[PDB]
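Student: I am sharing input03.tsv, which consists of TSV, N, CA, C and O atoms:
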chain	number	residue	atom	x	y	z
F	176	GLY	N	0.80	-1.21	0.00
F	176	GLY	CA	0.00	0.00	0.00
F	176	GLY	C	0.83	1.27	0.00
F	176	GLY	O	1.38	1.66	1.03
F	177	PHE	N	0.91	1.92	-1.16
F	177	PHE	CA	1.72	3.12	-1.28
F	177	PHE	C	1.09	4.27	-0.51
F	177	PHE	O	-0.10	4.56	-0.65
F	178	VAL	N	1.90	4.94	0.31
F	178	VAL	CA	1.49	6.11	1.08
F	178	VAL	C	2.28	7.30	0.55
F	178	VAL	O	3.51	7.26	0.48
F	179	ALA	N	1.56	8.36	0.18
F	179	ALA	CA	2.15	9.48	-0.54
F	179	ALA	C	2.55	10.58	0.45
F	179	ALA	O	1.69	11.21	1.07
F	180	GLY	N	3.85	10.80	0.58
F	180	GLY	CA	4.36	11.96	1.28
F	180	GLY	C	4.63	13.09	0.30
F	180	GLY	O	5.17	12.87	-0.79
F	181	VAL	N	4.23	14.30	0.69
F	181	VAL	CA	4.23	15.46	-0.20
F	181	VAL	C	5.29	16.44	0.28
F	181	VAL	O	5.29	16.83	1.46
F	182	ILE	N	6.18	16.84	-0.62
F	182	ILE	CA	7.14	17.90	-0.37
F	182	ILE	C	7.11	18.87	-1.55
F	182	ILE	O	6.78	18.50	-2.68
F	183	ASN	N	7.44	20.13	-1.26
F	183	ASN	CA	7.14	21.24	-2.16
F	183	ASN	C	8.31	21.56	-3.09
F	183	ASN	O	8.77	22.70	-3.18
F	184	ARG	N	8.77	20.54	-3.82
F	184	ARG	CA	9.92	20.67	-4.72
F	184	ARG	C	11.10	21.33	-4.01
F	184	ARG	O	11.87	22.07	-4.61
F	185	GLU	N	11.21	21.09	-2.71
F	185	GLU	CA	12.33	21.65	-1.97
F	185	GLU	C	13.64	21.13	-2.53
F	185	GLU	O	14.43	21.88	-3.12
F	186	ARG	N	13.88	19.84	-2.37
F	186	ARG	CA	15.07	19.18	-2.87
F	186	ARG	C	14.74	17.77	-3.35
F	186	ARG	O	15.41	16.81	-2.96
F	187	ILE	N	13.69	17.60	-4.15
F	187	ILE	CA	13.29	16.26	-4.57
F	187	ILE	C	14.46	15.51	-5.23
F	187	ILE	O	14.75	14.39	-4.80
F	188	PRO	N	15.18	16.07	-6.21
F	188	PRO	CA	16.24	15.28	-6.86
F	188	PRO	C	17.35	14.84	-5.91
F	188	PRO	O	18.04	13.85	-6.21
F	189	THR	N	17.55	15.52	-4.78
F	189	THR	CA	18.65	15.23	-3.87
F	189	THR	C	18.23	14.33	-2.71
F	189	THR	O	18.79	13.25	-2.52
F	190	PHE	N	17.25	14.77	-1.91
F	190	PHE	CA	16.78	13.93	-0.81
F	190	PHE	C	15.98	12.72	-1.30
F	190	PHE	O	15.90	11.72	-0.58
F	191	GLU	N	15.38	12.77	-2.49
F	191	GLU	CA	14.78	11.54	-3.02
F	191	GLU	C	15.87	10.53	-3.37
F	191	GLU	O	15.74	9.33	-3.09
F	192	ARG	N	16.95	11.00	-3.99
F	192	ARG	CA	18.13	10.17	-4.19
F	192	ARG	C	18.62	9.62	-2.86
F	192	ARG	O	18.99	8.45	-2.74
F	193	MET	N	18.62	10.48	-1.83
F	193	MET	CA	19.10	10.09	-0.51
F	193	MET	C	18.18	9.03	0.11
F	193	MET	O	18.64	8.12	0.80
F	194	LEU	N	16.87	9.15	-0.12
F	194	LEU	CA	15.95	8.13	0.36
F	194	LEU	C	16.21	6.80	-0.34
F	194	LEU	O	16.26	5.75	0.30
F	195	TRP	N	16.40	6.85	-1.66
F	195	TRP	CA	16.78	5.65	-2.40
F	195	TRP	C	18.05	5.03	-1.84
F	195	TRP	O	18.19	3.80	-1.75
F	196	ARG	N	19.00	5.88	-1.45
F	196	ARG	CA	20.34	5.41	-1.09
F	196	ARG	C	20.35	4.83	0.32
F	196	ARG	O	21.10	3.88	0.60
F	197	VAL	N	19.54	5.38	1.22
F	197	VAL	CA	19.50	4.87	2.59
F	197	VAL	C	18.52	3.71	2.77
F	197	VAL	O	18.87	2.70	3.39
F	198	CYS	N	17.29	3.82	2.27
F	198	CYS	CA	16.32	2.75	2.45
F	198	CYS	C	16.69	1.48	1.70
F	198	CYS	O	16.07	0.43	1.93
K	329	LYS	N	44.89	8.22	-3.90
K	329	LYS	CA	43.96	9.16	-4.52
K	329	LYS	C	43.79	8.85	-6.00
K	329	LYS	O	42.68	8.93	-6.55
K	330	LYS	N	44.89	8.51	-6.67
K	330	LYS	CA	44.79	8.04	-8.05
K	330	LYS	C	43.93	6.79	-8.11
K	330	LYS	O	43.14	6.62	-9.05
K	331	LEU	N	44.03	5.92	-7.11
K	331	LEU	CA	43.14	4.77	-7.05
K	331	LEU	C	41.71	5.19	-6.77
K	331	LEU	O	40.78	4.59	-7.30
K	332	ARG	N	41.51	6.20	-5.92
K	332	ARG	CA	40.15	6.68	-5.69
K	332	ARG	C	39.50	7.05	-7.01
K	332	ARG	O	38.40	6.58	-7.33
K	333	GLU	N	40.21	7.81	-7.84
K	333	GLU	CA	39.67	8.18	-9.15
K	333	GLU	C	39.50	6.97	-10.06
K	333	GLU	O	38.44	6.79	-10.67
K	334	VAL	N	40.52	6.12	-10.16
K	334	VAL	CA	40.48	5.00	-11.10
K	334	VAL	C	39.39	4.01	-10.72
K	334	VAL	O	38.66	3.51	-11.58
K	335	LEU	N	39.27	3.70	-9.43
K	335	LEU	CA	38.24	2.78	-8.97
K	335	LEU	C	36.85	3.40	-9.03
K	335	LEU	O	35.87	2.68	-9.25
K	336	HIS	N	36.74	4.72	-8.86
K	336	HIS	CA	35.48	5.38	-9.16
K	336	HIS	C	35.08	5.11	-10.61
K	336	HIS	O	33.93	4.77	-10.90
K	337	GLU	N	36.04	5.23	-11.53
K	337	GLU	CA	35.76	4.94	-12.93
K	337	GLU	C	35.41	3.46	-13.15
K	337	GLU	O	34.51	3.14	-13.92
K	338	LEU	N	36.13	2.56	-12.48
K	338	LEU	CA	35.95	1.13	-12.69
K	338	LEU	C	34.70	0.58	-12.00
K	338	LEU	O	34.31	-0.56	-12.28
K	339	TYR	N	34.09	1.34	-11.09
K	339	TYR	CA	32.91	0.89	-10.38
K	339	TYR	C	31.67	1.72	-10.65
K	339	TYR	O	30.58	1.31	-10.23
K	340	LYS	N	31.79	2.87	-11.32
K	340	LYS	CA	30.59	3.64	-11.63
K	340	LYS	C	29.74	2.96	-12.69
K	340	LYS	O	28.52	3.12	-12.69
K	341	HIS	N	30.36	2.21	-13.61
K	341	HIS	CA	29.56	1.52	-14.62
K	341	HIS	C	28.79	0.35	-14.04
K	341	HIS	O	27.89	-0.17	-14.70
K	342	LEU	N	29.14	-0.09	-12.83
K	342	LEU	CA	28.34	-1.12	-12.16
K	342	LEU	C	26.94	-0.61	-11.85
K	342	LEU	O	25.96	-1.34	-12.02
K	343	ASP	N	26.83	0.64	-11.40
K	343	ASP	CA	25.55	1.24	-11.05
K	343	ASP	C	24.90	1.92	-12.26
K	343	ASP	O	23.80	1.56	-12.66
K	344	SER	N	25.58	2.92	-12.83
K	344	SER	CA	25.21	3.54	-14.10
K	344	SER	C	23.91	4.32	-14.02
K	344	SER	O	23.26	4.56	-15.04
K	345	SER	N	23.50	4.74	-12.82
K	345	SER	CA	22.33	5.59	-12.70
K	345	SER	C	22.42	6.49	-11.46
K	345	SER	O	23.15	7.48	-11.47
K	346	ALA	N	21.67	6.16	-10.40
K	346	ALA	CA	21.56	7.06	-9.26
K	346	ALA	C	22.90	7.27	-8.57
K	346	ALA	O	23.48	8.36	-8.63
K	347	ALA	N	23.42	6.22	-7.94
K	347	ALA	CA	24.67	6.30	-7.19
K	347	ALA	C	25.69	5.30	-7.73
K	347	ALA	O	26.89	5.53	-7.65
K	362	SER	N	25.37	13.52	-5.60
K	362	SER	CA	26.51	13.52	-4.68
K	362	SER	C	26.79	12.11	-4.18
K	362	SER	O	25.89	11.26	-4.16
K	363	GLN	N	28.03	11.86	-3.77
K	363	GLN	CA	28.46	10.55	-3.29
K	363	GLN	C	28.63	10.52	-1.78
K	363	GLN	O	28.00	9.72	-1.09
K	364	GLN	N	29.48	11.40	-1.24
K	364	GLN	CA	29.81	11.42	0.18
K	364	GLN	C	30.32	10.05	0.63
K	364	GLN	O	31.47	9.70	0.37
K	365	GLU	N	29.47	9.26	1.30
K	365	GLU	CA	29.86	7.93	1.77
K	365	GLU	C	29.20	6.80	1.00
K	365	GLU	O	29.66	5.66	1.09
K	366	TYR	N	28.12	7.08	0.27
K	366	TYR	CA	27.42	6.08	-0.52
K	366	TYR	C	28.12	5.91	-1.87
K	366	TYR	O	27.68	6.39	-2.92
K	367	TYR	N	29.23	5.19	-1.81
K	367	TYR	CA	30.07	4.96	-2.97
K	367	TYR	C	29.34	4.03	-3.95
K	367	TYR	O	28.41	3.32	-3.56
K	368	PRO	N	29.74	4.01	-5.22
K	368	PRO	CA	29.25	2.97	-6.13
K	368	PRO	C	29.85	1.59	-5.89
K	368	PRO	O	29.54	0.66	-6.64
K	369	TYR	N	30.71	1.46	-4.88
K	369	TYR	CA	31.34	0.19	-4.54
K	369	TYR	C	31.11	-0.11	-3.07
K	369	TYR	O	30.63	0.72	-2.30
K	370	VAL	N	31.46	-1.34	-2.69
K	370	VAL	CA	31.38	-1.81	-1.31
K	370	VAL	C	32.76	-1.67	-0.69
K	370	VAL	O	33.77	-2.05	-1.30
K	371	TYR	N	32.83	-1.10	0.51
K	371	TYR	CA	34.13	-0.95	1.15
K	371	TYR	C	33.98	-0.62	2.63
K	371	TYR	O	33.11	0.15	3.03
K	372	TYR	N	34.85	-1.23	3.43
K	372	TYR	CA	35.08	-0.86	4.82
K	372	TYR	C	36.58	-0.83	5.06
K	372	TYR	O	37.34	-1.54	4.40
K	373	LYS	N	37.00	-0.01	6.02
K	373	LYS	CA	38.42	0.22	6.28
K	373	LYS	C	38.86	-0.51	7.54
K	373	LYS	O	38.18	-0.45	8.58
K	374	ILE	N	39.99	-1.20	7.44
K	374	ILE	CA	40.66	-1.84	8.57
K	374	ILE	C	41.99	-1.13	8.76
K	374	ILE	O	42.65	-0.78	7.78
K	375	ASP	N	42.37	-0.89	10.01
K	375	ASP	CA	43.58	-0.12	10.29
K	375	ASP	C	44.21	-0.64	11.58
K	375	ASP	O	43.83	-1.70	12.10
K	376	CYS	N	45.18	0.10	12.10
K	376	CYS	CA	45.93	-0.28	13.29
K	376	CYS	C	45.00	-0.48	14.49
K	376	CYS	O	45.07	-1.49	15.18
Could you express the structure from this file as structure tokens?
Tutor:
Amino acid sequence: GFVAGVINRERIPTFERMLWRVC
Amino acid sequence: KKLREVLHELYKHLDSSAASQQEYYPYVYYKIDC
């Protein structure tokens, strides 16, 4: 079940990469 | 340091997409010392 967290294009390319890299 | 660069080159094609680097290298490594 996908749960959608919303961020305001703050740093999507960087912290999304970081989420990929840590999780 | 020359190895840091060369091994970066020799291991970046393993990933070839997502992985700034910092500590999340494209390779596996831990350091053993004195």
Student: Running DSSP on the backbone, which parts of chain K land in helix (DSSP H, G or I), as a PyMOL selection string?
Tutor: chain K and resi 330-343
Student: May I ask you to extract the residues of chain K within 8 Å of chain F, using all atoms listed in the file, and to give them as a VMD selection string?
Tutor: chain K and resid 346 to 347 362 366
Student: Quote the spacing between CA of residue 340 (chain K) and CA of residue 368 (chain K) in Å to one decimal place.
Tutor: 5.7 Å
Student: Could you write out as lines of an AutoDock Vina configuration file the box around region 340-346 of chain K (axis-aligned, all atoms listed in the file, 6 Å on each side), with centre and edge lengths in Å to one decimal?
Tutor:
center_x = 26.7
center_y = 3.5
center_z = -11.8
size_x = 22.2
size_y = 21.7
size_z = 18.5
Student: Just give me the gap between CA of residue 374 (chain K) and CA of residue 337 (chain K) in Å, one decimal is fine.
Tutor: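 If I compute the distance from CA of residue 374 (chain K) to CA of residue 337 (chain K), I get 23.1 Å.
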Student: Kindly give the distance, in Å, that separates atom O of residue 339 (chain K) and atom N of residue 369 (chain K), rounded to a single decimal.
Tutor: 5.4 Å
